[PDB]
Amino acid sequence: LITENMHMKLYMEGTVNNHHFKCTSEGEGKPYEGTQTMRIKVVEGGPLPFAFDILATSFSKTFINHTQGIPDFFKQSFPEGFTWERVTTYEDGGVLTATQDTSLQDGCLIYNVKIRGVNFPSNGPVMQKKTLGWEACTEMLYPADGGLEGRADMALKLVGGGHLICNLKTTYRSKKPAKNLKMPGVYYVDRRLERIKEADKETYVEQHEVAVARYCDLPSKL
């Protein structure tokens, strides 16, 4: 069901600090190679009065290269699909909750996302639009009651050269019955999420991700 080349379509809506917005996107990737591109339009509420960077991780788990024979919870979940829900907490107080549904319809991946961001500081780099994209990061995934949890800290680059850190807590849930899933143990996903293009003080954005799943590649004593 998951071919070597796949397309995706996405619908996103929500609010950040009482600012309403809506996006749509389409893209393609190579799910077994862990690469993908999404071309995103802000269609309502734009240009956004906050940094688009805080929405970046809300635009795709089917496109992770699961190496070393790690069971692939995401690719296994089709045709039924899967969901994820995340709370991202910024060190200066912003909190952004994202809820997502992933389905497969007529050979295309379909994403539906709802966003609720609150308490971003009015004078901070997010609301002031003083961000410059994300550093690479490693997410740890681990089984927890029939689904997976993920944890990562990400660093947001800032105008002037500093960083603002946030913490991501995600739960990934399959729509496939447990009986039909081979669960992985604990593992890690290295990611590089990059902005390739922006047009119109950020109403059009192209993003690229490469994502590779691995175990810890250090020798063990146990």
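Heads up: residue numbers just count along the shown sequence, starting at 1.
S.K.: If you count the residues of the deposited sequence that sit between residue 59 and residue 60 but have no coordinates, do you get none, 1 to 3, 4 to 9, or 10 or more?
M.R.: 1 to 3 residues are missing.
S.K.: Where do the C-alpha atoms have the higher mean temperature factor in this entry, in 74-82 or in 111-119?
M.R.: The stretch with the larger mean CA B-factor is 74-82.
S.K.: Mean CA temperature factor from the deposited coordinates, higher in 99-107 or in 134-142?
M.R.: Going by the record's values, the stretch with the higher mean is 99-107.
S.K.: Go through 197, 163, 41, 191 one by one and give the residue whose Cα B-factor in the PDB entry is largest.
M.R.: Top of the list by C-alpha B-factor: 197.
S.K.: Taking the Cα B-factors listed in the entry, which of 52, 172, 187, 32 comes out highest?
M.R.: Largest recorded C-alpha B-factor: 32.
S.K.: Sorting the chain's modelled residues by C-alpha B-factor, tell me whether residue 206 ends up in the lowest, middle or highest third.
M.R.: Answer is middle: the recorded C-alpha B-factor places it there.
S.K.: Rank-wise, by C-alpha B-factor, drop residue 94 into the lowest, middle or highest third of its chain.
M.R.: Residue 94: CA B-factor falls in the lowest third of its chain.
S.K.: Pull the Cα B-factor of residue 156 out of the PDB entry and bin it into the chain's lowest, middle or highest third.
M.R.: It belongs to the lowest third of the chain when residues are ordered by C-alpha B-factor.
S.K.: For the chain shown, is the CA B-factor of residue 168 in the lowest, middle or highest third of its modelled residues?
M.R.: As the PDB entry reports it, the C-alpha B-factor of residue 168 lands in the lowest third of its chain.
S.K.: Taking the chain's C-alpha temperature factors as the reference, tell me which third residue 125 falls into: lowest, middle or highest.
M.R.: According to the entry, residue 125 has a C-alpha B-factor in the chain's lowest third.
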